[PDB]
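Taken together, the values in this text are just the output of simple stated rules run on the coordinates, not laboratory data. In this analysis, Cβ positions are derived from the backbone assuming ideal geometry, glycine residues included, and neighbour counts consider all displayed protein chains.
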Amino acid sequence: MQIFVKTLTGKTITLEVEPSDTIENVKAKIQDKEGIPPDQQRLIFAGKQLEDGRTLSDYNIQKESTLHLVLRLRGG
Amino acid sequence: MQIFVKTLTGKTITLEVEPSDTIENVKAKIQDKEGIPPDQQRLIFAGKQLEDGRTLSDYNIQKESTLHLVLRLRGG
Amino acid sequence: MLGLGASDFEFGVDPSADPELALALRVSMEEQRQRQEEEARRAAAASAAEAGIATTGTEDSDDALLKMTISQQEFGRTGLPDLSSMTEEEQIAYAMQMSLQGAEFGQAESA
């Protein structure tokens with residue numbers, strides 16, 4: 001399934017995954033393309049925060065879907 | 001009486017009602033002020049959803065009472 | 001009947017199915033904490049005057065540097081879509097606003 005993930009800067013990425021892939025797995029894919037760790041990547045969609053244990057099918061995410069990408073920002 | 005209804009966006013609405021008003025009537029007031037449908041608006045107080053046939057007095061509600069509004073969706 | 005399963009209860013039993021009900025109960029618990037903290041701190045201040053804040057001078061500048069520096073940095077320049085100022089929910093408030101209130105494309109691909 002060729003889906004698209006848009007970011008906040010204004011850039012979309014083509015992520016080839018399946019309807020049974022976990023959100024954490026998708027974050028790892030963006031980490032291999034952009035170069036950012038998955039812990040610093042959140043997947044939002046339809047005004048809803050996607051869980052790392054849930055998959056793409058759990059959120060009715062189909063092919064060519066535009067998923068929003070957020071950046072984790074905490075202390076440390 | 002003047003009660004306040006908080007939403008999920010840090011916004012509270014002030015509606016003038018009475019202790020003998022039905023919850024369905026209050027939902028209709030928020031629908032005419034905001035536009036959201038009543039069947040979706042959910043009035044929860046002290047961690048308890050209120051019935052549409054019951055009134056505000058049945059749940060021991062007084063003036064300046066803050067109710068927790070919620071949105072019901074059968075999709076995700 | 002032959003029902004009794006994951007159908008009779010699919011909204012008022014698991015909050016994972018609806019974050020609107022899970023957040024609603026979280027907003028109520030937070031309110032009880034405000035009254036339990038505003039009152040718990042009020043008693044801690046009246047007692048601190050006896051044996052807690054006994055100092056004849058002035059040592060309230062360390063937090064002033066933390067508040068003054070973050071007061072102008074957290075809320076000062078806003079002439080650009082900065083992301084460091086928006087937290088995970090603030091940035092989500094903007095990303096979620098475009099997912100529901102940002103479908104201005106036309107008739108080719110929209111959700």
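Report the antiparallel proportion of the DSSP beta bridges in segment A:1-70 as a percent, rounded to a multiple of 5.
Values: 11 of 14 bridges.
Percent antiparallel among DSSP bridges in segment A:1-70 is about 80.
Compute the Cα gyration tensor for the protein assembly as shown, then decide on rounded, prolate or oblate, letting a ≥ b ≥ c be the square roots of its eigenvalues: rounded whenever a/c is under 1.5, prolate when a/b is larger than b/c in the other cases, and oblate in all that remain.
The shape class here is oblate.
Could you work out [θ]222 nm for the protein assembly as shown from helices alone, using -39500 (n - 2.57) per DSSP H run of at least four and dividing by all its residues? Round to the nearest 500 deg cm²/dmol. Write down the numbers at each step before the final one.
Numbers: 5 runs with 82 residues, N = 263.
When only DSSP H runs of four or more count, the value is -10500 deg cm²/dmol.
How well do other chains shield peptide B:45-58, expressed as the mean number of their Cβ atoms within 10 Å of each residue Cβ?
The shielding value for this peptide is 1.
Below 14 angstrom from the Cβ of A:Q49, what's the summed charge of the other residues (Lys, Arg +1; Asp, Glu -1)? Display every interim value, and only then the final one.
Working: positive: A:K27, A:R42, A:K48, A:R54, A:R72, C:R26; negative: A:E24, A:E51, A:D52, A:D58, C:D18, C:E20, C:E88, C:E89, C:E90.
Computed value for this residue: -3.
Roughly speaking, what is the stretch gain from C:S61 to C:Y94, that is 0.36 nm per residue apart minus the C-alpha to C-alpha distance, in nm to one decimal?
8.3 nm
Hand me the tally of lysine pairs in chain B: alpha carbons under 19 angstrom apart, and the pair either on different chains or 8 or more positions apart.
Within chain B, the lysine pair count is 13.
Across 10 Å bins from the origin, how do the percents of Cα pairs in chain B run, short distances first?
So the P(r) values, bin by bin, are 19, 61, 18, 2.
At q = 0.16 Å⁻¹, what base-10 log of I(q)/I(0) does the Debye formula yield for chain C when every alpha carbon is treated as an equal point scatterer in vacuo?
Ignoring solvent entirely, the Cα scatterers give -1.12.
Are there GluC sites (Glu not before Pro) in segment C:33-63 that DSSP marks as loop and that have at most 14 other Cβ atoms within 10 Å, and which are they?
Passing both the DSSP loop test and the Cβ count: C:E59.
Enter the angle in degrees (range 0 to 90, nearest 10) between the Cα long axis of helix C:88-101 and the first principal axis of the Cα atoms of chain C, meaning the one along which they spread out most.
Compared with the principal axis, the helix lies near 30 degrees.
Roughly how many Å is it from the Cα centre of segment B:8-48 to that of segment C:1-52, as a whole number?
Centre-to-centre (Cα) distance: 21 Å.
Build a GNM of chain A with springs between Cα atoms under 10 Å: which of A:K11, A:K63, A:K29 gets the top mean-square fluctuation?
Fluctuation is largest for A:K11.
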